[PDB]
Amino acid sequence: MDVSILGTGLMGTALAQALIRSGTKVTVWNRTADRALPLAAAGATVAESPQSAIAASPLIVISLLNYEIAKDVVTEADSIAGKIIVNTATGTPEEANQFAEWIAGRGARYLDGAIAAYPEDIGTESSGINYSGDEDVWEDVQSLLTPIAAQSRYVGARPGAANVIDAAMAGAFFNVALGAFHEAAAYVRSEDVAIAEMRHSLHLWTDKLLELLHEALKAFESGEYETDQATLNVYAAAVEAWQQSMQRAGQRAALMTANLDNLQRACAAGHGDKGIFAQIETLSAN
């Protein structure tokens, strides 16, 4: 099954190159189009227009900045009836649900994607894509698309599920954890200790974190938050002492302050004697 890609940015380009290597015939389009020139040389067909790119293939993969631009570009096709549209842009769950419904009312099939991978990672081990929406669609494009990522997974029937997980993992987890590390290193530097002496431990701490994340998920699935060892109360106390150390050292320590606040509410609602994972129970706004 041939495919066309709308968007030859870094990601779009990477998608196109992986698909060529798969042995798939690829047509590309891009709003500028100088950008798509090199892809021509690798085996791709450059199209004059979205309409023309859409018409060329049964499967259209979108890699454009956002959902609004995606909508505007695919509006320029007169017909998409019978086509499979796969939109790999990041965005809100609502964006996905609405895009899905618009696609469906034009007589096209839809699947929504979210890419956890730098462009340069796209053909390799260090690359995953989550997909959500109609499972029948996923079944029809799995073999064609699974090549372009090591770990490709259908994560739910809701069009917006991939976008929810991507926000959660890239935003709520990853970006915040990256910030936490800035607070950490700024703290070390404030105590006149060499930031370099953090370096050799990094992999030990990210390994430990991975094992803990697995364990937190098991506990969130279970409702089993029971002791083991350090309780919420112990953690709350330890975090307060860390916060005070960081402040005495001249750091605002805002993430550490927010963490303490999460821990206290968990304790203050009677979970003080359960394990740290029980902190999940008071993250809601109530």
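Don't overthink the numbering: it's just position in the shown sequence, from 1.
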query	finding
Mean C-alpha B-factor comparison - 259-267 and 17-25, higher one	17-25
Stretch with the greater mean C-alpha B-factor as recorded in the entry, comparing 171-179 against 125-133	125-133
Member of 113, 82, 156, 147 with the greatest C-alpha B factor (per the PDB record)	147
Of the residues 166, 207, 78, 215, the one carrying the largest Cα B-factor as recorded	78
Ranked against its chain, the third holding the CA B-factor of residue 139	lowest
Residue 194 CA temperature factor, ranked by third within the chain	middle
Record-listed C-alpha B factor of residue 117: chain third	highest
Entry-reported Cα temperature factor of residue 236, expressed as the chain third it lands in	middle
Where the record places residue 41 (Cα B-factor, split into thirds across the chain)	highest
